[PDB]
């Protein structure tokens, strides 16, 4: 499940741009409902940045939805959409951090 998975330090959510004022106005009005930190495996256990980031996303997002819906949530197709993106930027930023430390 999360064996070998670390929780990275918190970081400011990436400001992603979705052209239309609305869907963009959605992220700003819904980001408190999104993560601001990521789960990951030691950066060394991966051959490149893509493998790492890809694993980090599925793990972060999923973990996030199961632990929040447990308290009371509802992630729509958009919520999931705007999340994959956000979390992906964060995972990449996490990759720099980890790699930068090796």
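Residue numbers count along the first chain shown, from 1.
Between the stretches 82-90 and 15-23, it is 15-23 that shows the larger average CA temperature factor.
When the two stretches 46-54 and 32-40 are set side by side, the higher mean Cα temperature factor goes to 46-54.
Per-chain ranking of the deposited C-alpha B factor places residue 74 in the lowest third. Split the chain's modelled residues into thirds by C-alpha temperature factor. Residue 60 is in the middle one.
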